[PDB]
Amino acid sequence: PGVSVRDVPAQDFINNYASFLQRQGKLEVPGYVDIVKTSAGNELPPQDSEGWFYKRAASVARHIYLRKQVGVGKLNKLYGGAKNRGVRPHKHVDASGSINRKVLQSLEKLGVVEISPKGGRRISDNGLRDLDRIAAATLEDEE
Amino acid sequence: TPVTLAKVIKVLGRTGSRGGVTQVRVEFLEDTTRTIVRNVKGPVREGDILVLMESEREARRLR
Amino acid sequence: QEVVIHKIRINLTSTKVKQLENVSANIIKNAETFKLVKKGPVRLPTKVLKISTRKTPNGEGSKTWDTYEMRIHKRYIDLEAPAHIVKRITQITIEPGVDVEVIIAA
Amino acid sequence: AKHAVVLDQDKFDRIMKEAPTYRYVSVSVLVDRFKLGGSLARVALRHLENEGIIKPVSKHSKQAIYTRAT
Amino acid sequence: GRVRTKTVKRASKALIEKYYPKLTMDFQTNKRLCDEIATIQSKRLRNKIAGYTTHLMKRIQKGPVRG
Amino acid sequence: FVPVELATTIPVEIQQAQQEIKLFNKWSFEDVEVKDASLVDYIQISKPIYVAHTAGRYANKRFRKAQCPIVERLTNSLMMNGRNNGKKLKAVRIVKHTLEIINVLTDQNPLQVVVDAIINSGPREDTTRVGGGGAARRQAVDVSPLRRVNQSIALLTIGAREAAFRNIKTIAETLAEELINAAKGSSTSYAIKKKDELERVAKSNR
Amino acid sequence: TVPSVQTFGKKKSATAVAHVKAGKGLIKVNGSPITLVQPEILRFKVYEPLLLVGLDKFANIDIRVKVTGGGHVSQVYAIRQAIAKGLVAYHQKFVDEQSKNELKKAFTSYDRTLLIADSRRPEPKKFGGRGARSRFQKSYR
Amino acid sequence: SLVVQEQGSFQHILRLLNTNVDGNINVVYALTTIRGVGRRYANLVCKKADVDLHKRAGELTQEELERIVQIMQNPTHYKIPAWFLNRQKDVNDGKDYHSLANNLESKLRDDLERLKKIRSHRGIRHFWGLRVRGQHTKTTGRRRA
Amino acid sequence: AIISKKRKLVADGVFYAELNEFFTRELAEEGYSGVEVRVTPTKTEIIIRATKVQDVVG
RNA sequence: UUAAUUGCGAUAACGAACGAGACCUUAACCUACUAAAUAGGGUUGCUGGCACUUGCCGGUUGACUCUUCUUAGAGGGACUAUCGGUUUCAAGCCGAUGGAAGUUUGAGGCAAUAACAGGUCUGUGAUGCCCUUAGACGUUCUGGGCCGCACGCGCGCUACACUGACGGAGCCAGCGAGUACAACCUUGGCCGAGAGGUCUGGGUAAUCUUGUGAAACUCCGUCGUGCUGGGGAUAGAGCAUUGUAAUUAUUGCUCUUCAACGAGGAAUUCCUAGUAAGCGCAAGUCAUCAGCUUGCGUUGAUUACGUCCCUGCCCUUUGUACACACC
Ligand SMILES: [Mg+2]
Ligand SMILES: [Mg+2]
Ligand SMILES: [Mg+2]
Ligand SMILES: [Mg+2]
Ligand SMILES: [Mg+2]
Ligand SMILES: [Mg+2]
Ligand SMILES: [Mg+2]
Ligand SMILES: [Mg+2]
Ligand SMILES: [Mg+2]
Ligand SMILES: [Mg+2]
Ligand SMILES: [Mg+2]
């Protein structure tokens, strides 16, 4: 047969990742967590305070796994959106610049993300293995 | 409530002061072969079944 | 004695499409007669250059607007060849209106 | 504020009593019967959802529908 | 509002006058014939003419028509 | 009966509700017959659809609009008001929820209930503004099936929207309630009331 | 070497290349399988063509779709179209033609476009109007 | 996840920092009712205190309240970066100032007075009763203060 | 020399227009009508049409 | 009858032309042609992750061939086609079948005859005449102002909630345009909560910014119909950035203040399908600014498929003492 990784319905995978991270305790917290808007188009940080950053990290990792050479700017673009501009209509402004960078750094430290040539980031082999394990766990939970 | 179910044999013209009505000669579902002309609001084709309370009354081209 | 393959790109840009097409055809014919390995008359997204303007000189009428557009036709003709042969080809192979341009080297 | 979104033990007891033999077990319905808030209703349902009693039909956000055990 | 114009109709009439044989009822052949014999600076126009000729042919099976 | 499996895994429930019956969202599209003479065909059913969403072009000629599925129509009508313009997905979700609610309500085919509602709220004879000089005198007139159907569809949705302003009762629930009122003709919903009013007006000119 | 076709799916600006090979029964879209897709409500739409002819016509034919353009809804529709085309194409090529004809009949009696491609594309939004037809506001006041 | 029970261990309807804190509201958005007290700021304060974001405003332990009050007074003493303030680097005193409750208004008044004394364009506008931030009133707002 | 292809073409067009205008102005007595620009490597040919060709020549 | 002086017929007219049409560009169809290490997709190298068996999923410009999708080129293709009746079984219109496409196939582009004392002499080394002319209306610097407010009107934008709101989380276009003699589009990486900076780039451009990973939308939790977490308006404070120059916030983000507004009176604007509305993006502007325009996608319906009742025009017949023509 074959244990799949992409075949997970998105959110569940992320949740599993978060749980794994919580279990490990190895990530190194950015420090500017909760004292941040996270997005430039935000009036509120994450609602659940502690955690949720973990979820974000997981999501980022998943995106990395999905694609090729991925960078900070692209991540920012991804986690931006619509601005409540009051009387003026919405625009599109990106996420907080440093936070994403910090997340990436943390991932690199743990060994999920590897530095790619040409300009961007890819997945480490140990990281890949971990991802696969997580996927398997999710499948088990479903089955 | 007594209802007499109408059925279209022919469309006898789009009418009204404006355009929201249609002269239609009708042979109603039960007790057929009795032709009565009624003015109809909506879009009507051929063999269209129409719901009405007041059956045996004729209306002319509206002013 | 020479014969060292460089791989040469030919640019064909213009507006009047028919002329361009003719030129392309001519080039391909010439390539055939000198018998070479070549990639075809590769066509790129024919760039339109739009300039939209108030038709009114002075802004006193109805708001009529005109899109003045410029159709452009960009063509790549790739040759597996040395330079001398390319030079020979480009002695003629020029027709009015159309831009002939040799990129040269891979 | 229109009240009836408190906590209490009496309220809880009432909720416990108001569960078997009903056509609808929905959040909106609960709210209508002058009980706890939207989020609290869900929590209450969960507490009764241990060994049968109340079983789900829809799992969607803010449009949840539950029904009694048959 | 697909009323065929004067011009198309006139052309069709002319075609029928000059080449009543070689107009084999169906569209496709007739279209090609029209393209061959009549010189049209267009394609759509030619097609339209062909269509009208076919219509005329169909009519002329079911009696004589004026002009 | 018979779950044939593939390499890409599909959940069991979905497999169960598939080939044997030409179904709907999850339950039977089959059965569900028009109780009322007339309005058959013009209240859709007939052709089996599996979702309440199509790209299917219908506003093309005339009588084609009376071949569009009832659920779909409802969803479309729901899209009224600027805040809800477009957003078919939302409408479909709402319709699904309504259907579920109807199912919950004393069993029965929800489709059938919907059909009944459509039938009941549709006005029979309505007044149109006749000139006759200058004054706004009205003379009552028979309403064609299609128009009636359309009006009925509109009315329920309008009622729902009215209800939904400042309410925990999410639009779907309101819609379901309206449908119930229409089907069990008690003249408590907006639509039925409006119909009654129209009939009264017609009478006062007949 | 495998018996395979490459089919397109087309609506609005969404294009979907479904590749129809032979194997176990894999139906994937952009790597992920046929199940996910995730406008969530429109899931059953992509299931429709499959449902119509049955699960039997998939244990042999494998389908792999790559989708670009459009939005979400449009993408879904494109995928659906592609899948409908693919099976038909396979049947036309390798399987008996009777089956293909039957499939066509099933589709045409239930024509939610599918084997007939989508027709409309946007009218260009001309000047003096915020929309295509819809003008600004004349104000003789 | 669980309904808070007990007969009446925590008292409903609160009064904190010269003003009123209404119950039946989850933690943060009853503290926005306090004049000047933030959203993000409030959240930060809560975090500092060490309270869960599931409690009601008509609850809270006394010690917790005291802690919150302490946090409110000084941003520097606790782990707050403090550039989320009404007066950062400041106009006169040059420290870290985020005024609280019925004091913010007073501070504003003082600032206005200072402006008036200086006789800057803004001050002049304020005196007149018009528009500070270069906003034009050829058309908009035809009632005014 | 060398810009973006589109830009280059635009510039060429502008140049042509300018040239045309100049000829309308300068060669007024010369009975000028049209310009026919041919741009090849090295030698750029500029054909000019007029009624009084002799005048143009000198 | 027609969208049409579009046609059929009646007929001192007949055959004509311009205008409408035709044409032209684009948007749609081509598993048939033309080709593509600048668009793509396959099989096997190298290996990355698995289930651990063959099989999946990949990445990698390795090699090879194809061209469905992408692109254009050449053509073709729909002619209301096929019957069904209606109407002198004319012109045509409606219904079904086939068909990519049956509203002139959609959208324009162009656009007659005469004009209006319509608009500009502020687009002009396009300009007749008059004016002015060197302590200038020529010029150029320095500063303000065209952005003032007791208040009229017209464009618009954002709101008045649970079709929500905020976080997450998922995740999708299409037009675009973008520097070498400069001060472009600018990735990718460390420092900054933002705003941003810096070292290296790549792109005088399907190749790089860019799959412009846009918004709207889709899942779970939190708050549930309170001028409230709807709404972010009058406002103070820092840090930036643009440009010599920002006060009269240029703009930007952050904390704050948190008002008017609970679906808008009389009038009336716009609209008949990818149309209305929603929702963004891009270009035009542009040192800097978007709420504006052009464009382009992205979601995507209601109800007509008619008629002269109102409004405006049009032609006929009528009358006229008007023809600078009812001002
Ligand atoms: Mg909003
Ligand atoms: Mg007919
Ligand atoms: Mg046209
Ligand atoms: Mg004048
Ligand atoms: Mg002058
Ligand atoms: Mg001005
Ligand atoms: Mg205007
Ligand atoms: Mg691109
Ligand atoms: Mg407030
Ligand atoms: Mg502007
Ligand atoms: Mg007289």
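Every number in this text was worked out from the coordinates using simple rules, so none of it is lab data. Neighbour counts are summed over all protein chains in view; Cβ atoms, including those assigned to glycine, are modelled from backbone coordinates with ideal geometry.
For the reader, a short list of remarks on this structure follows.
- Cα-projected label distance for F:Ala59 with A:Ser98, points at 7 Å along beta-carbon direction, nm: 5.2
- Candidates per GluC sites (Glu not before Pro) in the range F:29-127, loop by DSSP, up to 10 other Cβ within 10 Å: F:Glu33
- Label point at I:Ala11 placed 7 Å out along Cα→Cβ; residues across the range C:42-82 whose backbone nitrogen lies under 15 Å: none
- Label zone at I:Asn20 (point 7 Å along Cα-to-Cβ), backbone N below 19 Å, the range C:45-65: C:49-53
- Cα gyration tensor, chain D - rounded (a/c under 1.5), prolate or oblate: oblate
- Pairs exceeding a 21 Å alpha-carbon distance, out of A:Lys68/A:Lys118; A:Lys74/A:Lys102; C:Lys7/I:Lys8; A:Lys37/A:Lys91; A:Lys55/F:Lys90; F:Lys90/G:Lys125: C:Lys7/I:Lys8; A:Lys55/F:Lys90; F:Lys90/G:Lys125.
- With the simple model of a label 7 Å out from the Cα in the direction of the Cβ, H:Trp128 to G:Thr1 spans 8.9 nm.
- ³J(HN,Hα) computed for each position of the range A:2-12 - Karplus, 6.51 cos²θ - 1.76 cosθ + 1.60, integer Hz, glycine/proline x: x, 7, 8, 10, 6, 6, 6, x, 6, 5, 4
- Per-pair calculated FRET efficiency, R0 = 41 Å: A:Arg88 and F:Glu197 via Cβ, rounded to 0.05: 0.40
- Reachable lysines from F:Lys203, criterion Cα separation under 21 angstrom, eight or more residues apart if same chain: B:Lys41, F:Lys193, F:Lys194, F:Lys195
- Applying 0.36 nm per residue to the separation of G:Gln38 and G:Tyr110 and subtracting their alpha-carbon distance, the gain on full extension is 23.5 nm.
- With R₀ fixed at 22 Å, the C-beta to C-beta distance from B:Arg57 to F:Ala135 puts the FRET efficiency at about 0.50.
- Shape category assigned to chain I from the gyration tensor of Cα positions, a/c cut at 1.5: prolate
- For H:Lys55, a cut-off of 21 angstrom between C-alpha atoms picks up these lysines, skipping any fewer than 8 places away in its own chain: D:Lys2, D:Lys11, D:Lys35, H:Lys47.
- Reachable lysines, given that their alpha-carbon falls under 16 Å from the alpha-carbon of G:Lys10 and they are not under 8 places away in the same chain: G:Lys45, G:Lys66, G:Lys85
- Gyration tensor (alpha-carbon) shape descriptor, the range E:1-61, a/c threshold 1.5: rounded
- In this simple spin-label model, placing a label point 7 Å from the Cα along the Cα-to-Cβ direction at both A:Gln69 and C:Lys29 gives a separation of 4.4 nm.
- Charge dipole (the protein assembly as shown, unit charges on Cβ, about Cα centre) - positive-most of A:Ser116, F:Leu39, A:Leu66: F:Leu39
- Förster radius 25 Å - calculated FRET efficiency between B:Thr1 and B:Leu29 (Cβ-Cβ, nearest 0.05): 0.90
- Loop GluC sites (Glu not before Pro), chain C, which have at most 13 other Cβ atoms in a 10 Å radius of their Cβ (DSSP): C:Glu2, C:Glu60
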